[PDB]
Structures are given as structure tokens and as C-alpha cells.
Amino acid sequence: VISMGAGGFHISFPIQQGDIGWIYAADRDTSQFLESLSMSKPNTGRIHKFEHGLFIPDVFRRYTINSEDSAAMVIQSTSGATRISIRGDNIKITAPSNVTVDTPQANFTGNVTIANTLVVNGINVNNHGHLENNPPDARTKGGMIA
Amino acid sequence: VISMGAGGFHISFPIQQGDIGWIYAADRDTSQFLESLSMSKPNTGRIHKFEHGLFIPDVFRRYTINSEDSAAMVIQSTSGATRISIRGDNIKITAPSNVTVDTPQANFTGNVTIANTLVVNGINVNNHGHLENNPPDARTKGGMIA
Amino acid sequence: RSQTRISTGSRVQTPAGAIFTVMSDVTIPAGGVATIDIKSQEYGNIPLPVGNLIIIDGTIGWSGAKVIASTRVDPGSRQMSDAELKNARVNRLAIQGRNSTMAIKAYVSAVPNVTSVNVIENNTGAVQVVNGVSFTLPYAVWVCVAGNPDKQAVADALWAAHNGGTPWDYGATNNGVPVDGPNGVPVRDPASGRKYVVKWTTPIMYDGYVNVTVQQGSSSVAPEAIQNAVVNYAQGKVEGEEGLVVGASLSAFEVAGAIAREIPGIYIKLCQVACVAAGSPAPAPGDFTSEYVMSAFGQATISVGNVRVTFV
Amino acid sequence: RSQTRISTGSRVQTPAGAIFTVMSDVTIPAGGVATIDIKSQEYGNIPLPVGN
């Protein structure tokens, strides 16, 4: 099965039973080549037969395309539940359930915006009040005021 | 047109009029197959012709590659305005206009860094002062001090 | 729209059906059209309504299915000489004789798919004189058939083999289930008149049990041989003996005779035969006895799992 | 846009239209072009006011 990639960076799809696509036919016998992936002699004299070929996956017309990204690269599922829409000048990332960043050091270079509550280091940011000196150790009244 | 993908996860490019590529020729007639995408007879006896083929998009040498990712996989535009540069051990996401995350639950597992002002839940973080008990409900003087 | 479906288009049902298409058809612009089929081999499994698998079709043919509206029939095959040497005595198709008793059985048994028939007449002026059924209306007869096909064929056959005034009779509450409530309305007659009466029943599906003790024989004989022999007798594939029909009582001696007829060289010591109701829990060990007696409207079959043999 | 209409392009009306096209045409940048019709049979039939 063909898995595009070079320079140590490849792309793979989790193929299972019943997936369709196209198959090509090699010129000569490639069993000895697939046995070691180096320069090798042909095994037998059979030529231009599907016995030793190459498979290319495809999906044809079986997908749903959302009306928003009708002009941008989409990497998604069949149904479009999860997407990576690379438009001309902006990127939209869709995940109905949740998303994660496993990196131990993130970075940003501009203004950021959230639309709901924040949780940092196990505690909230949208309602927090810091104790002071007088009154002694009393909780700061309220939460997060502009 | 070929759209690589299997196991319900495909990739598509927004082709329009005037794009170039390559076309292959199928062995037999495929119309009866293209109607139902299942096992079927050849429609006619025509063989090895371009009437029923398969198109593969390509851009050849018409692009700009930025100086930083000369050794890292890129998924970009023609001009490199928007990029997803997957390097050997780090990732860089470039978007001159803006970016978005449509996920209703994000996650992180490490130290995070911002370089400008923050907006959370419709209010600001770079200037926030919480009201206290003494003086009664007075504004905490100043904004965001270390 | 505007597609022609040509003849002998191989349509395949999901349990390897391989149906055909009889008459060429052109799909109307409505998109809903009915095509007539025909099966390939005499042995055809009864299909189920699904999307029939496509083998040979035009460029435009989209799908085919089986809606409820379609009307179905049944095939006919497997007529070995054994059936002939059994049906010689019973199926005396005395087409020359209609107003009679032995005539009705034979003329009804000519109908396709019918396995067995009973016809018991009273001949007297009192109730409860025949072997196994009550009467109500005197001077009449009642008919029981098994493996019954669609109503009209057997209705025509039954009406065409009687002659008496009112010989039709439902037995009683103690009898096989009537096929239809009031009557069977045999519409047409040679007189073109609108006469309507046909009454007949179906048997009660019982179940039988057999357990036998034998010797080991000249050499090793697997129990599967005995099980196959008794099952084959019960179905009725052996010459001469009709096996089990509507109104036949299981007999241990007869079963032992069938076993000896198939596999000789074995010494049978014990024989036991029991009968159980439809769907009833398996009979207790003490249920078996030497001889069982069945009434007129009682049919009983035997499976492989109902015969168990433990030699000494 | 820039479609090459061909001859014998069959258009079927709901009351048994089965109508060819008489001469070839090519689609223009407007998106609407004129084509001619001839009936596949030799009887008197009428076309409906709307396209079918």
C-alpha cells in the first residue's frame, strides 16, 4: 500500500476491510525487492501482471463538504465531523468533542481570546480573589471584575 | 479526480478552472462501475484509452518555499502565506490574518506563553483589579502587576 | 429515466438464489416499474425481501427489491420411484370416478405441494361413529390435508371430486384448525352459478421420541447410521412404507423393522417410542412405552435429536 | 459555463416527451443558450409550459 512521504515525514490512513481504490501493475517481479528494499535481481520472467502491483486508496464521491470551506483545503472525515480547514489567509480547526495539545511548551505571538471559563493549574481564573494584609488574610470580595 | 483517503479520513483540494496535473488510462470500461461503485462488467470492448481514466492534481514547480522550513515538511499555499510546518521535533503554525479553534474543550500539558494582551469571557486580563472589603467595594488600584 | 431492461438478466438473492427476468422492460419516467422473474434451478430457497444483488445490468439500472405486492408460487422436484411405489395404493387417481370416497383423496393429492390427505365418512344416522372425529351435521364428510398450498387449487380440487347434497362438515372443537371461518367460496361452477361452500382442515403438528438399545454388531457402527435410518423412515423415503402421515401411529416394532431393513447385522434388545405435544418440554424419562396410538388429525415428525441410542 | 451541447440530447417530458435536439450548441458566458427540438415520433403531441 502506498504511503506518501519522504525525508522522514509520511501520511497514513487507517485502512480496514471493504475500502476501495486503484491498483497498478509493476513491470517486473518485485518480490525479491520487497524482501530487502534494496537493489535486487528480478525473480521470474512474468511481466505486466497484477500479481505484483501497488495499491492506491481512494474515496471517490463519498463525503460531505461543509458550505463554509467550499474554497479551502479540508482534511476531515467522511462526514466532516472533524476538520482542518486551511484557507487562503486563516486556519479553522473543528472538533465537536474536544482537542488536545501534548506539547510541554506552547507559544503565542499575538492577542488571544477565550469565550468561556478558564482552568489553570487545577484552579479557576474567571472567579479568583487574592488575600491581603488588612483585614488579616480575608478573602477578596467577589471574583473577576474588569 | 483522485482524493486520497481510507477509513473515513480523506484529503481534498479546491480545484478550479485552469489547474494542471496528470491523467492515466484505465484498462477497461468503468462507467457501469462508476454508477454503483461495486462489482460490475465492462460496458464495452474499448481498452487502454483516455476516454475512461483518472486525474491526479499537481502544481509542479509553481510555489514559494520559505527559508526557515527548507528541511521541514510543509502544507501551505502557493505563496507560503499560510503554513503548517512539521519539523523534526517541533511544529509551527503560520497565519498572517488570524486563526481559530472551534473546539468546545481545549487542553494543554505544559507551560504556556503569550506575547500580548488577553481577552477571556468577554473581559480583559492585562488590567484586572478585584474589589475588596476595605475600602468598601473600592477598585483595586492599578491593573496587572507581577 | 428511459432505460430498457433486457431478458434473462441474472438477479441474485442473498442466499445464492440466481433468479432470472422473463420479459424485457423499459423503465417508465415514474421510476417505479414491476418486472417478472423466474428461478434458475428446481431447488430454490424461499427468499426474503431485500435489495437483490446485481450481476448483469445496463448502464442505468440502479437497484431492485422485493415489495410485499409481489405474488409467489412454489416449485416441484424430487419425485423418486419410492414415492411412486408408495402412492400406487393411495393415489388411485380414479379421474373416471368422482362421487366416491377413494376418489376424493386421489383427486386432492394431485394438487401441487400437498403431502397427505384423509377423508372419513360417517355412512350412518348418528354422531361419533368414525375413528377419530365428531360430526354435528349428519350425512356429511370432513377433509384434512397437510403441506397445504394456496387455497384456490385445493378448493377447486375438493369441489370437483364430490357430488352429494351437503357432504361438507366441520368436525367439532376437538379437531384440526379450520382453514377458513365460514366457508371457502368456490366461486365458479360449470353451471356458472354462484355456489359457495368448501370446508376442510389441517392436522395438528405433534412430535415423537424414540430410544432404543442394541448390540454392537459385526463391527463398529456409529449411531449416526441408526439416526439417519429412523429419520429417513419418518420422512418417508423408503420403498413401500409411507412412514409417518396424517393419521399414522408410531410403533416401536415398525421402527425396529425399519432399522433392521436399513442396517442389518445388529441385535436390537430394547425399543421405546413416545409422543409429545407441540412445543412441549421434552418428555420425562418415564414417558416412553411400547406402543403409541394417534387419532385421525395427528401428524408427528422425528428429528435427529429425538432419537438416542446407547448400546449395551 | 462553456459547455458543449451535443446533438440528440434527449429531453423527456412527463407526457412521453422523448424529444431530441435538432442542432448543436455551445454554452455562452451568460449561462443560457437556445436549442431546437424534434419529436422522436410522428404524431401530434404538445409540450408543457414548464421544463420537465
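What counts and what doesn't
Residues numbered from 1 in each chain as written, not as in the entry; some residues may be left out. Chains lettered and ligands numbered in written order. Part of a larger assembly, values for the part shown. Heavy atoms only, no water. Helix = DSSP H or I, 4+ residues; strand = E, 2+ residues; numbered from the N terminus. Buried < 20%, exposed > 50% of the residue type's maximum accessible area, 1.4 Å probe, protein only. Contact = heavy atoms within 4.5 Å. Areas by Shrake-Rupley, 256 points an atom, 1.4 Å probe, with all protein chains shown as cover. Rg over C-alpha atoms; globule rule 2.2 N^0.38 Å. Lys, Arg positive; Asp, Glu negative; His and termini not counted. Charge placed at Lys NZ, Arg CZ, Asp CG, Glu CD. Least-squares fit on C-alpha atoms. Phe/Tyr/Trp six-rings, centres within 6.5 Å; stacked < 30°, edge-to-face > 60°. Buried area = accessible area lost by both parts, 1.4 Å probe. Salt bridge = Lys/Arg side-chain N within 4 Å of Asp/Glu carboxyl O. Polar contact = N/O pair within 3.5 Å; in protein donor to acceptor, adjacent residues only side chain to side chain. Nonpolar A, V, L, I, M, F, W, Y, C, P; charged D, E, K, R; others polar. Arc of directions from axis to C-beta. Axes fitted to C-alpha atoms, helices over the stretch in contact; angles between N-to-C directions. Parallel < 35°, antiparallel > 145°, perpendicular 65-115°, else oblique. Left-handed = near helix turned anticlockwise from the far one by under 90°. Pairing = 2+ DSSP bridges. Core = buried A, V, L, I, M, F, W, Y, C linked by side-chain atoms within 4.5 Å.

- Regarding how it was determined, this PDB entry cites cryo-EM in its header, along with a resolution of 3.6 Å.

Overview of the overall build of chain D
Next, step 1: Across its full length, chain D carries 0 helices and 4 strands.
Next, step 2: What you see in chain D, going N to C, is helices and strands ordered as β-β-β-β.
Next, step 3: Here chain D, with 52 residues, has 13% of them falling under the buried criterion.
Next, step 4: Taking the contacts inside chain D whose residues are at least 6 apart along the sequence as the reference set, 26% of them involve residues at least 24 apart.
Next, step 5: Total accessible area computed for chain D in this model is approximately 4,200 Å², and 58% of it derives from carbon and sulfur atoms.

Section: the overall build of chain C
Next, step 1: The secondary structure content of chain C amounts to 5 helices and 12 strands.
Next, step 2: The C-alpha radius of gyration computed for chain C amounts to 25 Å, which surpasses the reference 20 Å derived for 312 residues by more than 25%, pointing to a less compact arrangement than a globule.
Next, step 3: A principal-axis box enclosing the C-alpha atoms of chain C has dimensions of 75 × 60 × 40 Å.
Next, step 4: Relative to its 312 residues, chain C shows a buried fraction of 34%.
Next, step 5: Considering only contacts in chain C between residues 6 or more positions apart, those separated by 24 or more positions represent 64%.
Next, step 6: For chain C, the accessible surface area stands at approximately 18,600 Å², while carbon and sulfur atoms represent 57% of it.
Next, step 7: Averaging the locations of the 21 positively and 22 negatively charged side chains of chain C gives two centres separated by 5 Å.

Digging into the relation of the copies chain B and chain A
In this structure, two copies of a chain are linked by a rotation about an axis accompanied by a shift along it.
Next, step 1: Overlaying chain B on chain A yields an RMSD of 0.2 Å, the required transformation being a rotation through 120 degrees with an accompanying axial translation of 0.0 Å. Taken together, the rotation and translation relating the two chain copies correspond to the operation of a three-fold axis. When each C-alpha of chain B is compared by its distance to the rotation axis, B:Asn134 comes out closest, at 4.3 Å.

Notes on the packing of aromatic side chains
Next, step 1: Under the criterion given, the structure shown has 6 aromatic pairs over all chains.
Next, step 2: Ring centres 6.5 Å apart and planes at 65 degrees place the aromatic pair C:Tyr209 and C:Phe288 in the edge-to-face group. Note that C:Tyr209 is positioned in strand β9 (residues 204-214) and C:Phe288 in the loop between β10 (268-276) and β11 (298-301), a separation of 79 residues in sequence. Each member of the pair, C:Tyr209 together with C:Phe288, is buried.
Next, step 3: Aromatic rings pair up to connect A:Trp22, A:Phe60 and B:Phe33 into one cluster.

A look at the interface of chain B and chain A
Next, step 1: Tallying the contact residues gives 73 residues for chain B and 69 residues for chain A.
Next, step 2: With both sides pooled, the region where chain B packs onto chain A buries about 6,200 Å², and carbon together with sulfur makes up 63% of that total.
Next, step 3: Three residues stand out in chain B for area buried against chain A, namely B:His10, B:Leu37 and B:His130, and they jointly supply 11% of the buried area on that side.
Next, step 4: Across the chain B-chain A interface, the total number found is 1 salt bridge.
Next, step 5: Across the pair B:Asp102 and A:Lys92 runs a salt bridge whose closest N-O atoms are separated by 3.5 Å.
Next, step 6: Summed over the shared surface of chain B and chain A, the result is 26 residue pairs in polar contact.
Next, step 7: Among the secondary structure elements, those contributing two or more residues to the side of chain B that touches chain A are β1 (9-12), α1 (31-36), β3 (53-57), β4 (83-86), β5 (91-94), β6 (98-101), β7 (118-120) and β8 (123-124) of chain B.
Next, step 8: Grouping the amino acids of the side of chain B that touches chain A by side-chain chemistry returns 35 nonpolar, 31 polar and 7 charged.

Re the arrangement of the chains
Next, step 1: In this assembly, 4 pairs of chains are in contact, and the pair with the greatest number of contacts comprises chains A and B.
Next, step 2: At no point do chain A and chain D touch; the closest pair of C-alpha atoms across them sits 18 Å apart.
Next, step 3: In this view chain B stays clear of chain D, with the nearest C-alpha atoms of the two still 10 Å from each other.

With respect to helix α5 (residues 252-262) of chain C
Residue and element names in this part refer to chain C.
Next, step 1: Along α5, the residues classified as buried are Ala 252, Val 255, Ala 256, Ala 258 and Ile 259. One side of α5 holds all its buried residues, which, seen down the axis, span an arc of 155 degrees.
Next, step 2: Where the residues of α5 are buried, they touch β9, α4 (223-235) and β10.

Some details on the environment of A:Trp22
Next, step 1: Of note, A:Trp22 is situated in strand β1 (residues 21-25).
Next, step 2: Leave out the neighbours within four places in its chain, and A:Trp22 touches A:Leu54, A:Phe55, A:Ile56, A:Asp58, A:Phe60, B:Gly53 and B:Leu54.
Next, step 3: Side chain to side chain, A:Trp22 and A:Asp58 meet in a polar contact 3.4 Å long.

Considering the packing of α4(C) against α5(C)
Residue and element names in this part refer to chain C.
Next, step 1: Two numbers describe how α4 lies on α5: the axes approach to 9 Å, and their chain directions differ by 120 degrees. Judged by the inter-axis angle, α4 sits oblique to α5. Considering how the two elements wind past one another, α4 and α5 form a crossing that is right-handed. For the pair α4 and α5, the contacting residues are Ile 226, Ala 229, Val 230 and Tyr 233 in the first and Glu 254, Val 255, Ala 258, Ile 259 and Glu 262 in the second.
Next, step 2: Looking at the contact of α4 with α5 residue by residue, the classes come out as 7 nonpolar, no polar and 2 charged.

Comments concerning the sheet that holds strand β4 (residues 83-86) of chain A
Next, step 1: Strand order in the open sheet formed by 5 strands is β1(B)-β3(A)-β4(A)-β5(A)-β6(B), and the pairing between neighbours is mixed. Among the strands making up the open sheet, the edge pair consists of β1 and β6 of chain B. Taking each pair of neighbouring strands and ignoring which way they run, the sheet shows an average axis angle of 5 degrees.
Next, step 2: Pairing analysis gives 4 bridges linking β4(A) to strand β5 (residues 90-94) of chain A, with the strands arranged antiparallel. From the neighbouring strand, A:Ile84 faces β5(A), where its bridge partner is A:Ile93.

Remarks on the nonpolar core
Residues and elements named next belong to chain C.
Next, step 1: Residues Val 210, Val 230, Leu 244, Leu 250 and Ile 302 are the most contacted members of the largest nonpolar core, which totals 21 residues.
Next, step 2: When contributions to this core are tallied by element, the ones reaching two or more residues are β9, α4, α5, β10 and β12 (307-309).
Next, step 3: Looking at this core, the element that brings in the most residues is α5, giving 4 residues.
Next, step 4: In this view, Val 210 contacts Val 255, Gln 272, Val 273, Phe 288, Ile 302, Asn 306, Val 307 and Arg 308; residues no more than four positions away in its chain are not counted.
Next, step 5: With 16 residues, the next largest nonpolar core counts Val 108, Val 111, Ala 161 and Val 198 among its residues.

Considering unusual backbone geometry
Next, step 1: The peptide bond linking A:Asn134 to A:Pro135 adopts the cis configuration, its omega dihedral lying at 0 degrees.
Next, step 2: Position of A:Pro135 among the secondary structure elements: in the segment after β8 (123-124).
Next, step 3: Although it is not a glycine, C:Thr8 sits at a positive phi angle of roughly 55 degrees.
Next, step 4: Considering the arrangement of structural elements, one finds C:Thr8 in the loop between β1 (4-5) and β2 (11-12).

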